[PDB]
Structures are given as C-alpha cells and as structure tokens.
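Read the structure below first, then the notes.
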Amino acid sequence: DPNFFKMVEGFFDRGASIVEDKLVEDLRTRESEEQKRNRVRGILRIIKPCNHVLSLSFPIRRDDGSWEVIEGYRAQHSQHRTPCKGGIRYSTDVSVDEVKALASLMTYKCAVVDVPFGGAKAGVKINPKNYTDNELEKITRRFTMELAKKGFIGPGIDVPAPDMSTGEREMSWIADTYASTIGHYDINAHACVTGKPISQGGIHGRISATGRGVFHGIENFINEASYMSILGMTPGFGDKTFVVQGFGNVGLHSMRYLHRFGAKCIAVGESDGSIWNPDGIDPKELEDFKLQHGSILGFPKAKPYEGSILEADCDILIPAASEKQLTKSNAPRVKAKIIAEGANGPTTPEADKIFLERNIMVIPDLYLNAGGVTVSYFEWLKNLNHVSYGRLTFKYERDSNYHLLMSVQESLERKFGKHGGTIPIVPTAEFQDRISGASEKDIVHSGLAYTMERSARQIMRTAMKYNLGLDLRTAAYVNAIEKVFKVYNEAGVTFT
Amino acid sequence: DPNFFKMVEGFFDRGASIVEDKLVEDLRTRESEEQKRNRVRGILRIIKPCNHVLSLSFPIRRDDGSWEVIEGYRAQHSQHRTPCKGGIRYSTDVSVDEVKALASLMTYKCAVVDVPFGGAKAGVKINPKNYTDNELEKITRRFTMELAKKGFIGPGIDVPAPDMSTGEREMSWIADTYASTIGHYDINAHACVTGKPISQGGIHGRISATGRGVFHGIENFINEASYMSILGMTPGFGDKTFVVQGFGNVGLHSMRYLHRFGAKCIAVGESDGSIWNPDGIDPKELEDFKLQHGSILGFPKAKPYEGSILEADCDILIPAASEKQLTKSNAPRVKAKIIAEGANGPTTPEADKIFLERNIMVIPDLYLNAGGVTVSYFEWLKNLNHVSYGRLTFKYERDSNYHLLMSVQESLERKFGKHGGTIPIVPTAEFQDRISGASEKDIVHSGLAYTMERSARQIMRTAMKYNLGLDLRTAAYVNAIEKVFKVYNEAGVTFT
Amino acid sequence: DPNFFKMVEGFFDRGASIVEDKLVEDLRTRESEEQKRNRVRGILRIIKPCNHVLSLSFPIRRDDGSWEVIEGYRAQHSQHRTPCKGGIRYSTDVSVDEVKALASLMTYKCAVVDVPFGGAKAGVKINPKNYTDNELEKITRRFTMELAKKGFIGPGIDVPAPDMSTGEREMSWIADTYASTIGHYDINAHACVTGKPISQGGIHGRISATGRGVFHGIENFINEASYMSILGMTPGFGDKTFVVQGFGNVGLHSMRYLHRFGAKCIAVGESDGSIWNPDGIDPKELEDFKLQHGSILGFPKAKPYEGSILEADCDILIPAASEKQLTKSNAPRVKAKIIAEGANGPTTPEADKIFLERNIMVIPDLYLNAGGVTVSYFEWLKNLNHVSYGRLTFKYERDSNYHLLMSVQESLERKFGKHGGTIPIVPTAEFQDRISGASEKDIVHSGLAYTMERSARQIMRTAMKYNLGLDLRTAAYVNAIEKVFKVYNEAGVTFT
C-alpha cells in the first residue's frame, strides 16, 4: 500500500497533466504569444509544493511539575486563497510529510466545493491518552501562541480546525488563547479557528455536516441518469441498499439521511464485528444502541454478519472508517456499484483501476466528505458576521409567507361571495414545522446542499470536459487544479 | 428603598444559587470528577464582580476661557462576550457603584435576548443644563479620547450608547471623534457607538425600539394560556385595559402598539397630574397634545384622574417612568394583574414578594425593556455590514412574490379555458403596502420580534426548569446566569 | 495623624499657591493679555487630580483547584510626561486613595530629579504570605494582562516597578508576560517594567540605588555652608553622627555610605529593640549580623539602646522605616538637626512645623529617596538602548587615559636626556582599580550623583526663589509644581 504523500502527489500530477494541454490550448493559447504558454505552465509547478511548513518544539510543564518538550508541525499548502483552512491532529505519527500531503488535499478539496481558502494542516506529535486535560489545554494553548507568532493561525491568515484526534474543546482553547493574547485587538479574533462549541461562536449544523455531505454527494450522482445507466442503477428491484463500514459521526449520519430518503441499510460495520439484515437496520435504533452501550455489537434485529461488509451485496458501500480499506486484494470481490468515500482515503490507487475496469463508480473523498469544510467556511463567516444565520429574517419571512397565502385566499375568494371560505392561509404541516422550527442549521444545511450540488454538476461537467468516465476522482482533482491555476493565472507569481 | 447596587446584587445572588445546584447536577455532574464541580462554581464568583472600572478626570475649557476639570467613570462588567455594550449618562449622581451596578444588569439583559455583548456603563458627573452645546461637544469628545486610550470605547472592545441624559448628538460626536483620531484606520470605526443619527450611520427603527419591546414582551405572555389562567386573564369582559405611568418614548410607544392591537388605554400618567377615561384614550391624539404643548395635562377627552395610576383598575399597568414606583407601600393596593416594567427598576424587591404573594405577574425590566439593546445590536451590525438591511433583496423578493402569485394564477387557469380569468396575481392591499414600503425598519422590527419571542419562550422554559412561578424576574436572571456561565464553562479562566 | 492623601494633597496645594503669584507675574504676566493669567492657572487644577484610575477584579485558580477573584488598582496621575512610572504594591490596605496619592507624589518626585515620567502607582489587594509562589506568578501575570489591555503597562505608556511588597521576581514575571503576549511585537517590550533581575534586563546599581540617594541627598546639603550655619552644623567636635531608624536596603545602605564618608553611626534601629554605641557601629558587621541571623538584636559591640532612637542625640537622624514616626508627640524631643527622610513619609505635617520652628532641617522624602526612581529611569533607558552602559567605551577610554599619561611622560622627558625616567604613565592605585573594575554600576551611580546634585542645587535655588527657609519640603513640591506647570504651559489642554 502507498502513503497519502505519494497517492495525492500522484492524484495531483495525473490531473496536472490532463489539465496542461487543454488549459493551454482552446483556453489560453488563443493568443499564443511565443507559444511559451507551455512555459507559463510553471504555475502548476508552483502549485504542487506545500509553500511553507513550520516545525515546532515547545514545552509544557506536565502536571507532575516536570518539563516535557512537545513537537508539532503546521504546513500551509497554498495562500492562493487567504485563510488557509485545515485541521490539527494530535497523534504520534503525524509527520511533516503527512501534514505536507493532507494540506495539499485540502486546497483541492476546498476548490472543488468552491470554498475560498488555501489548504493547511497541523500535527502535534502527542498521544492525548497520555495526558491530563489540564496538560492538553496547556499543550493546545502554547501550541497556539507559537502558531500565532509565526503566522500560522490568524482569522485572515490560517484558521485551524479539529481532526479525529482533536475536538471542540481544543478548538475552544485555541480560539480563546488567540483572542486573549495575540488577537486581543481583532474584532474577528474568534474566527481564528472553526469547530468550536456553540457557546463560543460555533455554528449550528456542524456535527451532521459531514454526514449530509455524504448524503448529498451520493444523491447528486444517484439521481443522475447517465451515471446510473452505466451502472444499471436506479433499479426496479435493486433500488437503494447501502452498507456503511464504520459507525462514527459521518457513518452514523450518512446512515440516517440515506435512510431518511428511502434507502435500505442492509449492514453496518465497526472495528469489532459487523451486522446484517436485508430487511433494513433503522438508523435511530442502531444509534441509541451504540450510545446506550459501547459498540453496535449484538444489535437486536441484527444477525452478526461476518466477512468484510466491503464484500456485502448492496448498491452503495460507504467506507466511513479506516484508511485504505478497499485494496487490490478485495477490490475485485466487492459487490457495490457505487463506492461513496465517506472516509478520507479509503481506497488505494490500484483498487481504483480495478473498480474503474469493472464499472464500480467511486465517489471521491475529495468531494464526498468536503461537507465539513463547507460548514467550517460557514462558521468563519458566522464569526465574521457577528450574527447567527436567519437571526434577522426568520420573522420577516414568516410574515411575507403568510401574506402570499392570504393573497391567494383573498384573490380566490373574489371569485365567490366569499369571506373566509377558501382557506389557503393554512400552510402544510410540513411547512408549519419548518416555520415554527426556523433556525441556523436550516440555512447551513441549505448552503451545504447548494454547494454539494453545484459542485457535483461541476465535477460531472469536467469528467466530460476531460472525457473521464466514472473516474470521478481524477475529474475532481482536475476540477480543482483548474480552479487553483485560474487564480494564479489572473495574477502570476511576483509579476502576479 | 434600596439601591440598584444591592437590588441587582441580590437579583444576581438569588439566581446564582438557584442555578448552582441544577447547573452542577444533571447538567455537568454527569462526570463528577472529584465531585469538585461545586468548586468549579468559582465561575459564578468571577461572573458577579464588574471586571474593570475606569475613573477619569479630564479638563475642558469652558466657553468663558476658564478651565473646568470634569470627572467621569466607565465600568465594563464582563468581556465574556466582546464588545461590552452600554450607555453613557451625564448626571450629577452618577457613581462608580451606579455604573458598576447597571453594567452588571446589562450583561444579564443582553444574555436574556441573546445579544453577544458584555455589559458596560458610563457616567460623566456633569449637568448638561449647566453647559453650552459647544462645551458639551468638548466634554463628549475629550471623554471619548480618554475612553479610547484606556480601552473603553472601540467597536470590537466597548460600544457605548445614549442614556436619558445623552442622545444622538453625543453619540454622533463620539463616533466622530473616535473615527478621526484613535479609530482612523478602523474600517468599522463608526461602529464604536450606537444611537447615532441616521445620517451618521444610525439604524431605522431605533426610537420606537424600546416601546415595541414592551409591546412584544407583554404580548408573548398575554397570549400564553397557562400564564393568563393563573391570573384569570384573557378575560371575556375584562379583556385588555392598560394604564401607562410615564409618557416618554417608551410609555408613548407602548401606549401606541398595545392600543394598535386592541387594548384600551384607560389612564395615562406623567410627573404632574394624571388622566383617565374608561372609554379609551387614543395614542395619536394624546401624542400630538403632548407635542403641541407641554404635558398631557388637560387632555380634552380626559378627566384629570387623581390618585396614583398605579392604584388604577386595569389588567396591565406599565410603569414607563421613575425608579421604584411600586413599593411595599402601594404594592398591596395595586389593581393590575400584570406589571410590565417599561421603566428600568420600577418595583422594589419587597413589592415583588407582595405581588408574588397575590399573583400579580410582573414582567421584569431585564427582559421587558431590552428591546433597545436589541436594536443597538442591530445598529452595530449595520455598521459592520456597511449596508442597510434589505438594500439588496427587497426588489429580488418583490419579484419572487409576484412569481409565486403568477404561478398560482397560471396553475389555476389550467383548470379552465382561462387566460387572465383567475386573478391571484393581485396581492392584498396590506401586502401591497408592505411591498411598496419595504425598508430597514421592517427588517429591524422583524429581528426584534424574533428575539423578544424566542427569549420569552426561553424565560418561560426556565421558569418551569427552575419551577419558579409567575416569578418571571428570577427566572430571567437565572436564564442569563446560565448563559454567562456556559460561555466560561466551555473555556475556564486562564485555563479558559 | 493624617493620611498621605491629605498630607500630599496639602503639600501640593501649599506650593501650588506659592507658585501661583510668582509664576504668573514676572514669569508670564510680562504679556498680561486680559490679565486673565490668573485664569490660565487652570493648569494647576488639571495638575492636582490623578487623571485616570483603573480598578480591576480578576480571578486566579488557587493551587487547591478553587477560584479566587483578586482585586487591584492602578492610577496614573499625569501623562504630561509619557511613561507613567510607578510601583505595584501587594498588600491588604492598598486603596484607590492610597494609590491615587502616591501616584501624585511620584510625578512631583520625578520632576524634582528631572526624570521624564508621569506619576503612577498600583496596588493588588492581596497578602503575599497567603499565597504560594505559583499563585503569585499567576496573580502578577493575570494582573499584567489586564493592566496591559486597558493601557496601564506598556513601555511607552506606563512602566511599573516594585514596592516593599513586590520585587524582581514579580518584575520579571510582568516583563515576561507583557513581552510574550501583548508586547510580542515590541522591540522594547522588556522596558515595560523596571526592577527586573540583571539576567532579564535589569540594571546594575539597583539595590543600593535608594541608599546612595539618601547618602547624596544629605551630602549636598551637609556640605552647604549657609544651611549648616543655620544649624550650627559642620561642627568642630559634633562633626558627623547619625542614627538610622530601620535597617532595610535603604537604612542598611545609608548607614554604609554615610559611614564610608566619615560619619559615626552611633545607634541603629529596627522593629524590635534598638542598638547604641557612641564609638561607632560598623556597617559591614551589623550587616553580616542581620544576615547571619534575624534582627540586629544583640549585636556584639552594641548596648541595647532603649528609647526611641528618634530621641537619640546625633546630628542626622534617618527614619529609614515606618510611616509617620516623627509626630507632634516626639517632634519636640528630637535631638538631631537634620532629618533625612529615607523612608517615604516618616514625618507628619504637624511635626514639620515644630521642627521648622526649632530649626531642625528635614530633607523631604520627595527628594531624598527619589534615587530609586532615578535608577529605574536608567533601567528603562538601558532597556531601550539594548546595551549596558560603558559596553563600547570602557576600553576606548582606558586607551585614551593611557595616551594622556604617556603624553605627560613624553613631554616631561623632552626636558632631560630621558627615555623612561619620568614615569607618569603609572596611574594611582585608586585609578588603577577604577580602570580594572569598569562596569555599569559605575555609570549608573555617576548619573545618580549628577542628578541628586543638580536637583539639590535646584531645590536650594527655589527655596531662595520663594524665600522659604529650611523648609526644603515645600521648596521641593514648588520646584516640581513649577516644572509640571511648564510642560502644560508650553502646550495647554486640548488647545495644548
């Protein structure tokens, strides 16, 4: 198996090239001055390498009065779009190369869903398990101060975020330290990081963010005829059946919305055993089980399905867990026609070829799980705005809606000696709930849906542009590379 | 009678305690590590004391070439939420304790209506009457410079506002001085203060702001069954009758909207005599009278009601004037079942008990007159946005509304050989006015309504949460204390 | 006994008036336009009141996981001269009035010795004894952050310093916190406070600073004929005999230099008993004793002198301890002709009159112990310079000195068939030590001496200017008031 560094490096190169010819030709060779347009492709070579990478060593006084000196890293791949956005990982295996790689992905991931940020990513070579929360707060804050002093953390410079290793606690600590030290004068000091609790400037619609992204990503393609044709999908009996490997936030939430929209969750997966049931596993129940006690293991109404759920027969298989699960090994034995990468990097470059060869459509991690980045862009915006979405309009809207309905009523009653007989004024219960439950998550999820869709359409349009097939992944990176190149293109370097 | 310092100090303590137990238990004792959660209640002790208080002495050269050295104060209760928001009072009785007290109230008042600001408050020990406008401008600007230099006036630090003693002139002077000196480089320099004239960045819907707040506050409770049951309200004959003590902006405007919605204004009050009329005093008229000449005294269609209107028999009595009017003295002789505190602090802690005992529902100053703070939050926002609300959408909306209606028409005419026969396209006159008069105040008032309501529901939910009765006041402060504690809770102190 | 507030307030007023007439007349009434020069004395009224006073309340988490919320204050009397300079006191009795008062003194004290700073002073209502060093570091740093955020601690704004309650630890903590948070970008961040250890940017010659000040202060007057005439001093047998009440840094060091210059230390004092010996107590010994074990109590070669050393018969009595020791009570029974106030405020306003009446010359605290402020001005300077005094010149100088001597030699040998016979080249041992021990303290002490002297001469010149007698104290405050008035005078207020 390869390493993200090489995988992404490859993903990049592959598209960089595909892009090269087209990009130069019909696109800009129009005015082929000296035909040295092939030389102006120097943009791509500037684009590829993660621009700046900071490596720290800083101490914290462990609770037992002793001194430990922690080491961490933070790379900012591109500032072609201002606040570099990216997570912070606390794990003993984080490496400049890991960070260097992921930071790259992030710029491409952001471009795909049109999020105005450069990619960045951090790692503090630490094992949270080995530390008291007090020591964790100390590490995060000291880490922040350093990040802040060398230009790797401000609101308009770099805006970190959690990673499976970190969370809203760490995010709150960071925001706080920045806003009380280095960012004291900044009116948007609290925008220095996203992923914070609601009480500290967080945005509603955050947790489910990543899941809905998976949901909407799969949706946009699954309602696409052409795509579903090549797969023989949109079946009369096959219909909708999904197997979710991994039952965390994303896997959990994916199972929820996929289901809420008429999909049958036949089998769910974990780190221990698996589960099965052709009749359908209910999201809520399985959720409450996993909450009421440890794993989903022994879920009543669940036959302990044994074998890799990856092998399971279903239409859509969502690896919402562990890196590279789909490999050349099991790739040829998979039964699903759609591989929606809920997890970051669950299929190896080889497995891709196999799937490609046997027409298994794999919806790319780059696009599929970019829903979280999408909502973070919204938090940052929330932080800059200094107000929650819909705070000033919900009521205004409620009023106008009612006016529309009352106008239908009044106009219709003018076609009778009516005065209270035709009652449109009454909104559907569904609209009634919506009305009575107007809140941020609403606006947030709308934006998410709008981005996931507008982007799906873009990725599709490029597949064709670049005549790629069900090779959504390279269509994606290409879509991104084109975008990143464009910003530079309408500038340059220093003669930018 | 007590002093706000003690009153508010008390109000605070009372809730702080009620909150303590609950807050710790089911809420966070879940993970009672060392059960030293009772120690983490140190948050409350940090919360109580007004954080910083600045006291100045600065000179101005009185018009007669002489030098006077004015003294003033500004306290910032909490920065747990960034721009401390709060007024500036010019009166010879302003005191560090007064300011210290009011600044506290402000943080709680803001939390109640979910306005993201810490409480702050100022006082310049001066009597405006004794000074020429030129001297007032000099005092306000010099005051501002000082405030600015010690961190008590920036847009992202502290944003002052008027107080009965000060107004949009002073507000304009301030904004101006800050924006031309200390705030020269600030793109939001004009957000340093709210309450400014429209031509200087003010917001429309400001004046009536406080009145509508009173209106909506009373409304939310008056349409609440359960509440009105305990009072025997929502009467078949009693219905709606209010007596407004005090006829200033707030009292004026309260009388207007209460009335506009079917309430009978039986008697209005002033500093001189009073007025009466069981048949109903019209807001507009009484308004024009008070404008055309001095007091409402001798209002035609008004029998000079003599006695304290507080004693008057009506359903709702709104003290929109002088501090502590309802005391243990007259408390037991009041006839109203609802005491809507339009004024800040019109009922003493004792009178509260009496009312409580005899089921008179008193809607708290903390919540009831927070409508002004609400609109100031909107001004500040308008200032940051650099645009008036609805500037870019009114037309877009007008268009879509018309499309909705034209779609109803077209769809309905497809159920006939119709082509211009069924006319829904015609909006109700009411909707027609709304359409033709789209402007900021609209959006502003909507936001106000949305906040007053969402908060009323919150206050109600906590009353029950804490099993308080028609003790809306302590339910309020509790609601606030909970909020303020939460922000700290998801942070700390230094280990914040 | 009165309180510094009133005492200093008085000291101020007294001189303010003396100054008024003269200051206006021959000095500026030259061009008596409208003769409203008496109105331009508004300067004095602006001068008197401590300009700004900040009062905090901030928490620290006491070592036992609990939360305490500490309260402190910092007043800046005048910014007529930029960095307000002033100490920080940790004691449960610090009060806005105390701070307000002392901050005033500081501006006058600084003016006297021509130190370009406004007076400021702080107090953290805390008892160091009740806290662990870790808690003290927390309090000092948090205190600093607050001070920093409201404009009461930067290098070019306000530069705190120790007070008997605080010291170089606290000073280091402060400098450090400022330089790592709020002052991160400041190249002179470390100049935010004086009194720091040498390793953190401190200056050499600091500890003894206050003592030498006392020494030089007494000296300048004691070598003054006219003064010593009125006292019958500069005696043939009486000569030099001093009694030092209080044996701390200042009392210790005063005893040292007074002695080193031919003064007989007859009796030293403490908090317990006293000591006596007409033959002379040796500074070093008494020093080592007080170090080797507790108090000076039972000093071999010391008869436990019992009674107030204040009553002791000696020429010069230095109260280098406790506030107001010399009162109307014992004033008339004192035997010394010179009262050199090593301590801040050791004689009451009444006692002054008595001494005045009986020609006891009291050298004012304002001037006499300003030696420490003097050296702090030098630390701050050292901090701005980014180099130690004499670092670049000592060697250059050594060289030139040797050239001077070698030129004397060579020139003298040209008046003989000499070549190595006349040897001036040889510097006196004393000059040899000086040469071989060249270091900062040298330059520091020189500056101290130069200031103490140039100021003594100034104070003397004003005594006469204002025809004051051996009323050095009011001559001092007058000297200061004149200075402070001049800076404003060549500016104004806003029309400054």
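The first residue you see is number 1, and the count goes up from there.
Recorded method is X-ray crystallography, 2.7 Å.
Using N, Cα and C of the backbone, Cβ positions are placed for all residues, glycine too.
Comparing A:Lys36, A:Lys441 with the features listed in Swiss-Prot, the residue bearing the annotation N6-acetyllysine is A:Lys441. Per Swiss-Prot, the annotated phosphoserine among residues A:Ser254, A:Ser271, A:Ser322, A:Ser446 corresponds to A:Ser322.
Per Swiss-Prot, the candidate among A:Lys48, A:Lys109, A:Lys353 that belongs to the substrate site alongside A:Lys85, A:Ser376 is A:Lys109. Swiss-Prot marks one residue of A:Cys110, A:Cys314 with the annotation ADP-ribosylcysteine, and that residue is A:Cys110. For the annotation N6-acetyllysine, the record in Swiss-Prot points to A:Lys22 among the listed residues A:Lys22, A:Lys150. Residue-level annotations in Swiss-Prot identify, among A:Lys240, A:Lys418, A:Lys418 as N6-acetyllysine. Between the listed residues A:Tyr185, A:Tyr305, A:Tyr402, A:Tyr450, Swiss-Prot assigns phosphotyrosine to A:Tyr450, with no corresponding entry for the rest in that record.
Highest Cβ count within 10 Å among the recorded positions A:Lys22, A:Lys121: A:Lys121. Using a 10 Å Cα-Cα cut-off around A:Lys382 (NAD(+) binding site), the recorded positions A:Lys22, A:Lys125, A:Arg260, A:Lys441 reduce to an empty set.
Geometry remark: A:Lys441 (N6-malonyllysine) versus A:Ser376 (substrate binding site), CA distance 13 Å. Proximity of A:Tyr257 (GTP binding site) to non-local residues of its own chain (separation of 6 or more, Cβ distance below 8 Å) is seen for A:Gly211, A:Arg212, A:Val214, A:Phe215, given in sequence order. Distance from the CA of A:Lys109 (substrate binding site) to the CA of A:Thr348 (phosphothreonine) is 18 Å. Of the listed binding-site residues, namely A:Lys85, A:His190, A:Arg260, the sparsest CB environment within 10 A is found at A:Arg260. Taking the centre of the Cβ atoms of A:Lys85, A:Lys109, A:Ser376 as the substrate site, the nearby residues of that chain (Cβ within 8 Å, site residues left out) are A:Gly86, A:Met106, A:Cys110, A:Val115, A:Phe117, A:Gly119, A:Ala161, A:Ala370, A:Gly372, A:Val373, A:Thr374, A:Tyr377. Cβ packing within 10 Å was compared across the recorded positions A:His80, A:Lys324, A:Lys382, A:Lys486, and the lowest neighbour count falls to A:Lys486. When the Cα positions of A:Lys85, A:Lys109, A:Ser376 are compared pair by pair, the longest gap among these substrate-binding residues is 13 Å. Taking A:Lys22, A:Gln79, A:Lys284, A:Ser388 as the recorded positions under consideration, the smallest Cα distance to A:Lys85 (substrate binding site) is found for A:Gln79. Among the residues the record lists as binding GTP, namely A:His204, A:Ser208, A:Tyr257, A:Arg260, the two farthest apart have Cα atoms separated by 20 Å. Each of the recorded positions A:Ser17, A:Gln79 was scored by other CB atoms within 10 A of its CB, and the lowest score goes to A:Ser17.
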